[PDB]
Amino acid sequence: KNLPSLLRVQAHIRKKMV
Amino acid sequence: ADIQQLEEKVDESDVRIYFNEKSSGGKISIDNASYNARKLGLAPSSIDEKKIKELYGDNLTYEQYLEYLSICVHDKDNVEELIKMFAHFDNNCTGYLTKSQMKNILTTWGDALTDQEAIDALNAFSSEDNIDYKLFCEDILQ
């Protein structure tokens, strides 16, 4: 529903992973 | 996005050292540029990657990499927006989503994680199966 915000969540997850 | 703002937020010496770690023929791949951005504490999305790739192609000069880094800063990032995105899926308004629910959300829409990526991130965050998604959003922003 709130795609741009989900993309920000996924972006920060990928950041944390690194 | 702004290069001057970028260079006050992160250490340009790190920016340069990380570039040198990954560069080939004086250029860096988008994937390695995103890796570097993440090491610098930034969070690029696929839209950011596509923006820079469509301007400059798959391999970036140092200056193009700086420009790409400036796009990655995302000063408007807001924890409330992230929480409300998850709250949308919280059908019973409990404040919790299970790891399986979270995995489905994270792997189905947006810049989808792989199953393994989502599983590992959720297990790294919590030993328990029920995830307080507010706490999760606060954790990933740090």
Side-chain angles (χ1 to χ4, degrees), chain A residues 1-2 4-6 8-18, chain B residues 18 31-32 34-50 71-74 77-90 97 102 104-114 117-122 124-125 133 136-142:
Chain A
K1 159 100 165 186
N2 312 102
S5 287
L6 174 60
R8 300 307 308 139
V9 165
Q10 291 156 327
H12 284 279
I13 293 174
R14 288 187 173 93
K15 176 203 69 182
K16 287 295 269 215
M17 278 156 44
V18 167
Chain B
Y18 298 168
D31 291 335
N32 285 324
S34 291
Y35 176 85
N36 286 358
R38 291 165 183 143
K39 292 214 300 183
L40 294 157
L42 311 177
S45 67
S46 302
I47 277 181
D48 302 329
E49 294 184 333
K50 286 174 176 176
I71 295 171
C72 295
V73 172
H74 295 289
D77 276 351
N78 167 279
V79 64
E80 309 277 9
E81 280 188 285
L82 310 187
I83 296 167
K84 295 170 183 171
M85 183 280 302
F86 280 118
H88 176 81
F89 292 103
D90 180 7
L97 293 164
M102 293 284 282
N104 279 333
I105 293 160
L106 291 168
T107 63
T108 299
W109 295 284
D111 292 338
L113 302 175
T114 68
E117 283 167 343
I119 289 165
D120 289 350
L122 297 164
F125 172 68
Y133 54 80
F136 178 77
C137 292
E138 292 167 353
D139 182 79
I140 67 182
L141 276 182
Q142 294 184 57

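Only this structure's heavy atoms are used, side chains among them; waters, hydrogens and symmetry mates stay out. First the proteins, then the strands, lettered A, B, ... as listed; each starts at 1.
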Over all atoms of both residues, closest heavy-atom pair of [X] and [Y]:
| X | Y | answer |
| --- | --- | --- |
| A:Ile13 | B:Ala121 | CG2-CB, 3.7 Å |
| B:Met85 | A:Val9 | CE-CG2, 3.7 Å |
| B:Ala112 | A:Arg14 | O-NH2, 3.0 Å |
| B:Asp139 | A:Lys16 | O-NZ, 3.0 Å |
| A:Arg8 | B:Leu82 | CB-CD2, 3.8 Å |
| A:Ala11 | B:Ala43 | CB-O, 3.4 Å |

Examine distances only and state if a side-chain atom of A:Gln10 and a backbone atom of B:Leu106 form a donor-acceptor pair shorter than 3.5 Å.
-> yes

Would you say A:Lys15's side chain and B:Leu40's backbone share a donor-acceptor pair under 3.5 angstrom?
-> no

Checking heavy atoms, do the side chain of B:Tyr35, its backbone, both or neither come under 4.5 Å from chain A?
-> both

Contacts of B:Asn36 that satisfy side-chain hydrogen bond (donor to acceptor under 3.5 Å, both in side chains) - sequence neighbours left out = B:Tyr65

Between the CG atom in A:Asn2 and the CZ atom in B:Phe89, the distance rounded to the nearest 0.5 Å is 7.5 Å

